[PDB]
Amino acid sequence: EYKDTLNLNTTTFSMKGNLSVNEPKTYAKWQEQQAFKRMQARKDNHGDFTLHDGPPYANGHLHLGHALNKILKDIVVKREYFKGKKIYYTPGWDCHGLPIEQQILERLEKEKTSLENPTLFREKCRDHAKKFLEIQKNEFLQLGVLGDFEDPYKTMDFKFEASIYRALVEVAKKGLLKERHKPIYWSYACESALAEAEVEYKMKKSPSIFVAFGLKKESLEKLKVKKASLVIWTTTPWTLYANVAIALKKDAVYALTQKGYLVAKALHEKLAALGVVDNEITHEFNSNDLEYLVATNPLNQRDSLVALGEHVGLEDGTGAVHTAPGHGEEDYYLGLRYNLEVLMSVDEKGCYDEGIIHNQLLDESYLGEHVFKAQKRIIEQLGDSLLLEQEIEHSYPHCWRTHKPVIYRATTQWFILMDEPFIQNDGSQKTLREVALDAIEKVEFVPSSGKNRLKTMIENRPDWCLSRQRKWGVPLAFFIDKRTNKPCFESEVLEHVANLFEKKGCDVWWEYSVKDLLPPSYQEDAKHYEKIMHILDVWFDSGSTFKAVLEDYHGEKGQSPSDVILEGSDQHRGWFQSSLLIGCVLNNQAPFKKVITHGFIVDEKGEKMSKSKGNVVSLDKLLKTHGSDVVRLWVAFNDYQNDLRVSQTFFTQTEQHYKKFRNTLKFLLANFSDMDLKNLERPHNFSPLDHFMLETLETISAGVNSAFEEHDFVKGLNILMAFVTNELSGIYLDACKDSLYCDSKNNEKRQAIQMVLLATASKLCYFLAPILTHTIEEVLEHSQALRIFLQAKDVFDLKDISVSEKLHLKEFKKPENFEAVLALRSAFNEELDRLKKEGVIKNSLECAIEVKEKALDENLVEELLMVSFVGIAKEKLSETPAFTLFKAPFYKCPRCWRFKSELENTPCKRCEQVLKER
Ligand SMILES: [Zn+2]
């Protein structure tokens, strides 16, 4: 055996990643050495790139969805860094979010206690946010992400609270912040108002009842019938107490049945089929003639006005709608239109209050009962007026914080108005809805489809309720002047308070007297002013991050508008929309130029992960099992715009891809490890195969770069993997192994191969660096030749190199064309496959080929087909229109194993010379 006379060609870079052990060391080093600050300080930075982090709640450990999000951000930011830009990426945390306060409250309830002191409760919430911000920060670093994690933004910083308040001041001074009284979403479970982003729709069972309201004697006399009762359909028996009207569709036909029921003619057939009313119609009336008749509520005997409603539908129900201004927004406006009572005797806890007694709306026995709990008894009380009871399922609004169903209560709250013209920064006049719709058209969405989701919501959304009733957050800190009963928006007052918040934070709103909160010049008038104590919607706070982070730091944490924001596609309903709206108030544009979205992490079945469902995979477990580089590759190598399913099969597949990349890098490093570095300084005579590989490398590099530019990491990785698998491994490394292992170290053709391998490794490192950063750091650590060739101490010194310049290639060189020779290779491999099956030969190297097409380069044919001889021999094995195959007319060389030896067990001519080398 001559095995030990070959070139060793080994590298210290290991085939095994040992990721669990090695990655923590890399990430710990990047922290100690301040790699992100070093990236920002890079002297040759050219151009700038800002990614503005949307703030996760400072509560709980990270889940897989957080890791997906931060990994994608990291790939995007690293790509821009390696392109040569100065990067701005300050991660941040939402410290005032409802989860923080809900968690504290649940703990106190679990501990059989409560905390009623505002300053101390706020302190406990801050302490909780501090704890989980640190935990999450360290968990994010364990993913190998780089950003300003040592100087994150935090909504609970006093400066940040002031920035939020100053954003609210801008809204107020532009005339868009106004008090309104109307029914809105009300969470009884947390005694607070809420808006759309705080609601989760869930299917819920409900009573579904048809109720007769008999017309009064005098109305029957006017209509000229003996009996008539309008039938209403409702899923909310709990609001029947607050009925003031029955609304009909204008200019529509109502049918009166033989038994005396009055319903829309258009719905009679359906209603009679349900058994709600009898089948025989006796009279038809126009709704215009029914308006101003009066009926009797069967629940409490009160009058109910027959009214005409705008757009009463005839698709469901009966065409007659029980109208309760206190509990329905459309109902409210109809009530006001007819100057009717707004009956609302349900308290902040969702219970009937003394109003039902005072106004005789409902029996005293209901006092203190929760509206949903009373419904069964209410339905029983309806007696013969209940024509049909069903149970249905419908999509119903739930308070996301408490998971409980919401109700609606007429209440006075603060709103940002959507359809109120305001003065634009350019002097024109537009509503916030108009500005937001204009703004969206100037934003790039990835996927494109995301634009339509947000646009539709902005087209449809109502005024935004800002005021909340809770124990933690930023106060809506304005004074009401008791002399005018209106808010004080005087600049000197607002700036005074904002300044106090900047220095001391918002605890002063609770602790200071009105006098102390006012400027010196108002203190005489302190007695006239009373604090608003409502808390701001935290969706407003987070929608203000652009102002608090990008604008208020004047560019030091990135530009406003940001270049990119990147979050879950559920943020169209959340942070994207709130940030859009606040940006449109302040700047009349979006505070972002581009939105990239990802889907959710789900189980192998595609279902969402829940503790209850038992299908939760912890991030900790995933990372320990596979390592961060594998998890990162799994993100990048998949369709992250849609849901990503966690299963063993998919992780196994990603592991196989990681292995192929790592094994290829190892082979390259091993095979240029012995090259004298003096080769870097000179041109080489490259072979046709060398040139084909370099030209291929250039073509695929352009393709990967294009795919990565459009955030299509799957497309780019498939290009890279095909190049690695097919042209590089399949063709180039197979052809070059004989030279690499068996040629003299002095051999010029070998040195030229090494230079190609060096260029190839260089491009692999550049394109993989955003994704497998730890692994490429490790590559460079193990390869002095790569560090010198790339002029890089470490991964942060990588740049997109010009292989042409680095290899001294000639500008006019005509590209190779390997179509003919590759077609011959394919045909030969097909033939060889068949012969192997027949047991005729075991290896291509056992063969000689005589090619019919004499145009082809014979050295190249030998390399690509891996035969031992090109030309005619004696023992024919097979023939085709293209070529004849024969047994090679030589012995197997004991050293290189090619059939090129004239004598048995004797080194071939090449090998003899290398063995004798002095
Ligand atoms: Zn040999």
# chains A, B, ... in the order shown; residues from 1 in each chain; ligands from 1
>>> residues_around(residues="residue 461 of chain A", least_positions_apart="2", cutoff="10 Å", atoms="only C-alpha atoms", output="list in words")
residues 196, 418, 433, 456, 457, 458, 459, 463 and 464 of chain A
>>> write_last_selection(atoms="C-alpha atoms", output="PDB file, in the first residue's frame")
ATOM      1  CA  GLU A 196     -60.197  45.523  17.687  1.00  0.00           C
ATOM      2  CA  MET A 418     -60.662  58.165  11.209  1.00  0.00           C
ATOM      3  CA  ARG A 433     -58.372  57.137   6.673  1.00  0.00           C
ATOM      4  CA  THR A 456     -59.011  46.305   3.629  1.00  0.00           C
ATOM      5  CA  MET A 457     -58.725  46.759   7.399  1.00  0.00           C
ATOM      6  CA  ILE A 458     -58.001  50.527   7.017  1.00  0.00           C
ATOM      7  CA  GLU A 459     -60.992  50.874   4.585  1.00  0.00           C
ATOM      8  CA  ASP A 463     -62.690  55.252  15.207  1.00  0.00           C
ATOM      9  CA  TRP A 464     -59.853  53.967  17.450  1.00  0.00           C
TER      10      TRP A 464
END
>>> residues_near_ligand(ligand="ligand 1", cutoff="12 Å", atoms="only C-alpha atoms and all ligand atoms", output="PDB file with C-alpha atoms, in the first residue's frame")
ATOM      1  CA  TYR A   2       1.115   3.447  -1.125  1.00  0.00           C
ATOM      2  CA  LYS A   3      -1.626   5.232   0.838  1.00  0.00           C
ATOM      3  CA  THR A   5       2.740   8.444  -0.178  1.00  0.00           C
ATOM      4  CA  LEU A   6      -0.369  10.412  -1.245  1.00  0.00           C
ATOM      5  CA  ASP A 738      -6.567  12.154  -8.727  1.00  0.00           C
ATOM      6  CA  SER A 739      -4.483  15.362  -9.065  1.00  0.00           C
ATOM      7  CA  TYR A 741      -4.151  13.289  -3.891  1.00  0.00           C
ATOM      8  CA  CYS A 742      -1.623  11.719  -6.313  1.00  0.00           C
ATOM      9  CA  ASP A 743       0.102  14.567  -8.180  1.00  0.00           C
ATOM     10  CA  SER A 744       3.262  16.263  -6.865  1.00  0.00           C
ATOM     11  CA  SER A 868      -8.488   5.443 -17.805  1.00  0.00           C
ATOM     12  CA  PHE A 890      -3.348  -1.500 -18.702  1.00  0.00           C
ATOM     13  CA  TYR A 891      -2.980  -2.802 -15.148  1.00  0.00           C
ATOM     14  CA  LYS A 892      -4.447  -0.979 -12.125  1.00  0.00           C
ATOM     15  CA  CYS A 893      -1.765   1.288 -10.602  1.00  0.00           C
ATOM     16  CA  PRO A 894      -1.221   0.234  -6.919  1.00  0.00           C
ATOM     17  CA  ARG A 895      -0.851   3.901  -5.923  1.00  0.00           C
ATOM     18  CA  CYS A 896      -3.512   5.937  -7.779  1.00  0.00           C
ATOM     19  CA  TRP A 897      -5.830   3.015  -8.718  1.00  0.00           C
ATOM     20  CA  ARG A 898      -6.172   4.253 -12.323  1.00  0.00           C
ATOM     21  CA  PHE A 899      -5.704   1.689 -15.102  1.00  0.00           C
ATOM     22  CA  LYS A 900      -2.505   3.252 -16.451  1.00  0.00           C
ATOM     23  CA  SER A 901       0.239   0.779 -15.432  1.00  0.00           C
ATOM     24  CA  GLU A 902       2.185  -1.298 -18.006  1.00  0.00           C
ATOM     25  CA  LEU A 903       3.104  -3.866 -15.343  1.00  0.00           C
ATOM     26  CA  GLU A 904       1.151  -5.678 -12.635  1.00  0.00           C
ATOM     27  CA  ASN A 905       1.303  -4.163  -9.123  1.00  0.00           C
ATOM     28  CA  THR A 906       3.681  -1.476 -10.383  1.00  0.00           C
ATOM     29  CA  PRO A 907       3.264   2.359 -10.091  1.00  0.00           C
ATOM     30  CA  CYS A 908       2.187   4.099 -13.287  1.00  0.00           C
ATOM     31  CA  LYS A 909       4.566   6.545 -14.981  1.00  0.00           C
ATOM     32  CA  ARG A 910       3.103   9.606 -13.190  1.00  0.00           C
ATOM     33  CA  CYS A 911       3.178   7.857  -9.823  1.00  0.00           C
ATOM     34  CA  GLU A 912       6.728   6.566 -10.342  1.00  0.00           C
ATOM     35  CA  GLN A 913       7.955  10.129 -10.895  1.00  0.00           C
ATOM     36  CA  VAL A 914       6.137  11.516  -7.837  1.00  0.00           C
ATOM     37  CA  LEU A 915       7.494   8.688  -5.653  1.00  0.00           C
TER      38      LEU A 915
END
>>> closest_atom_pairs(of="segment 835-892 of chain A", to="segment 687-696 of chain A", cutoff="10 Å", atoms="only C-alpha atoms", output="JSON lines")
{"residue": "A:857", "atom": "CA", "partner": "A:688", "partner_atom": "CA", "distance": 9.4}
{"residue": "A:859", "atom": "CA", "partner": "A:688", "partner_atom": "CA", "distance": 9.8}
{"residue": "A:860", "atom": "CA", "partner": "A:689", "partner_atom": "CA", "distance": 7.2}
{"residue": "A:863", "atom": "CA", "partner": "A:689", "partner_atom": "CA", "distance": 8.5}
{"residue": "A:864", "atom": "CA", "partner": "A:689", "partner_atom": "CA", "distance": 8.7}
>>> select_by_dssp(residues="segment 418-657 of chain A", states="helix (DSSP H, G or I)", output="number ranges by chain")
A: 432-440, 450-460, 491-504, 507-511, 514-517, 520-528, 538-543, 545-551, 569-572, 575-587, 619-626, 628-636, 648-657
>>> closest_residue(among="A:33, A:843, A:578, A:513", to="residue 416 of chain A", atoms="only C-alpha atoms")
A:578
>>> decode(residues="segment 278-322 of chain A", atoms="N, CA and C atoms", output="compact mmCIF listing (two decimals), in the first residue's frame")
# COMPACT_ATOMS: atom_id res chain seq x y z
N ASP A 278 -96.95 31.01 11.57
CA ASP A 278 -97.89 30.20 10.79
C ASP A 278 -97.77 30.54 9.30
N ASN A 279 -98.26 29.63 8.45
CA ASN A 279 -97.98 29.70 7.02
C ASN A 279 -98.92 30.68 6.32
N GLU A 280 -100.08 30.98 6.90
CA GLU A 280 -101.08 31.73 6.13
C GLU A 280 -100.89 33.24 6.31
N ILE A 281 -100.65 33.97 5.22
CA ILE A 281 -100.56 35.43 5.24
C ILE A 281 -101.94 36.02 4.96
N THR A 282 -102.39 37.02 5.76
CA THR A 282 -103.73 37.59 5.58
C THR A 282 -103.69 39.01 5.00
N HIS A 283 -102.63 39.75 5.28
CA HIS A 283 -102.49 41.14 4.88
C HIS A 283 -101.01 41.44 4.65
N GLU A 284 -100.72 42.42 3.78
CA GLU A 284 -99.37 42.90 3.56
C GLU A 284 -99.36 44.40 3.80
N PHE A 285 -98.35 44.88 4.50
CA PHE A 285 -98.28 46.31 4.77
C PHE A 285 -96.90 46.82 4.37
N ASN A 286 -96.82 48.10 4.02
CA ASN A 286 -95.53 48.70 3.74
C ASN A 286 -94.98 49.23 5.07
N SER A 287 -93.68 48.99 5.31
CA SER A 287 -93.01 49.49 6.51
C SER A 287 -93.21 51.00 6.72
N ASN A 288 -93.26 51.79 5.63
CA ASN A 288 -93.51 53.22 5.75
C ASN A 288 -94.81 53.50 6.51
N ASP A 289 -95.81 52.60 6.43
CA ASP A 289 -97.06 52.83 7.15
C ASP A 289 -97.03 52.29 8.58
N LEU A 290 -95.97 51.54 8.94
CA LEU A 290 -95.86 50.96 10.28
C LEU A 290 -95.02 51.87 11.18
N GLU A 291 -94.18 52.72 10.58
CA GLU A 291 -93.34 53.63 11.37
C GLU A 291 -94.20 54.49 12.31
N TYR A 292 -93.76 54.63 13.57
CA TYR A 292 -94.42 55.39 14.62
C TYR A 292 -95.57 54.65 15.30
N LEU A 293 -95.94 53.44 14.83
CA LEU A 293 -96.76 52.59 15.68
C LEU A 293 -95.94 52.20 16.91
N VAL A 294 -96.63 51.65 17.92
CA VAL A 294 -96.00 51.32 19.19
C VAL A 294 -96.36 49.88 19.56
N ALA A 295 -95.35 49.15 20.10
CA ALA A 295 -95.53 47.79 20.58
C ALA A 295 -95.18 47.73 22.08
N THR A 296 -95.41 46.56 22.67
CA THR A 296 -95.17 46.29 24.09
C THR A 296 -94.12 45.20 24.21
N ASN A 297 -93.11 45.50 25.03
CA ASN A 297 -92.02 44.57 25.30
C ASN A 297 -92.56 43.48 26.24
N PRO A 298 -92.54 42.17 25.86
CA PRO A 298 -93.14 41.11 26.67
C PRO A 298 -92.35 40.90 27.98
N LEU A 299 -91.11 41.39 28.03
CA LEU A 299 -90.28 41.18 29.21
C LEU A 299 -90.64 42.13 30.34
N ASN A 300 -90.92 43.41 30.05
CA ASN A 300 -91.11 44.37 31.13
C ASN A 300 -92.31 45.28 30.88
N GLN A 301 -93.07 44.99 29.82
CA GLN A 301 -94.30 45.70 29.46
C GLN A 301 -94.04 47.13 28.98
N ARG A 302 -92.78 47.51 28.73
CA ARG A 302 -92.53 48.87 28.29
C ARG A 302 -92.91 49.07 26.81
N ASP A 303 -93.08 50.33 26.44
CA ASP A 303 -93.38 50.65 25.05
C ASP A 303 -92.12 50.43 24.20
N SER A 304 -92.34 50.16 22.90
CA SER A 304 -91.27 50.00 21.94
C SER A 304 -91.73 50.68 20.65
N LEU A 305 -90.97 51.68 20.16
CA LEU A 305 -91.39 52.43 18.97
C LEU A 305 -91.08 51.61 17.71
N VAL A 306 -92.02 51.56 16.77
CA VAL A 306 -91.73 50.96 15.49
C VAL A 306 -91.03 52.01 14.65
N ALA A 307 -89.78 51.70 14.29
CA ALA A 307 -88.89 52.65 13.64
C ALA A 307 -88.41 52.09 12.30
N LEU A 308 -87.73 52.92 11.52
CA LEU A 308 -87.16 52.49 10.26
C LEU A 308 -85.66 52.58 10.42
N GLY A 309 -84.99 51.46 10.17
CA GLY A 309 -83.55 51.45 10.39
C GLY A 309 -82.82 51.59 9.06
N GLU A 310 -81.65 52.19 9.05
CA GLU A 310 -80.84 52.20 7.83
C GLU A 310 -80.26 50.81 7.57
N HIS A 311 -80.40 50.35 6.35
CA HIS A 311 -79.83 49.05 6.01
C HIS A 311 -80.17 47.96 7.06
N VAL A 312 -81.47 47.72 7.31
CA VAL A 312 -81.90 46.49 7.97
C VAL A 312 -81.87 45.42 6.89
N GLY A 313 -81.10 44.35 7.12
CA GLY A 313 -80.96 43.28 6.14
C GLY A 313 -82.15 42.32 6.17
N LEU A 314 -82.32 41.58 5.08
CA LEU A 314 -83.40 40.61 4.99
C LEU A 314 -82.83 39.22 4.70
N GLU A 315 -81.57 39.03 5.07
CA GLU A 315 -80.88 37.77 4.89
C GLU A 315 -81.06 36.87 6.10
N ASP A 316 -81.07 37.45 7.30
CA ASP A 316 -81.27 36.65 8.50
C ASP A 316 -82.33 37.33 9.38
N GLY A 317 -82.73 36.67 10.47
CA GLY A 317 -83.67 37.30 11.38
C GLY A 317 -85.06 37.33 10.74
N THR A 318 -85.79 38.41 11.04
CA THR A 318 -87.19 38.48 10.67
C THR A 318 -87.46 39.75 9.85
N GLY A 319 -86.45 40.65 9.74
CA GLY A 319 -86.65 41.98 9.15
C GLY A 319 -87.18 43.01 10.17
N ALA A 320 -87.32 42.59 11.44
CA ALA A 320 -87.65 43.51 12.52
C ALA A 320 -86.62 43.32 13.63
N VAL A 321 -85.92 44.40 13.99
CA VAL A 321 -84.71 44.28 14.79
C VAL A 321 -84.93 44.93 16.15
N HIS A 322 -84.80 44.15 17.23
CA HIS A 322 -84.83 44.67 18.59
C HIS A 322 -83.69 45.67 18.77
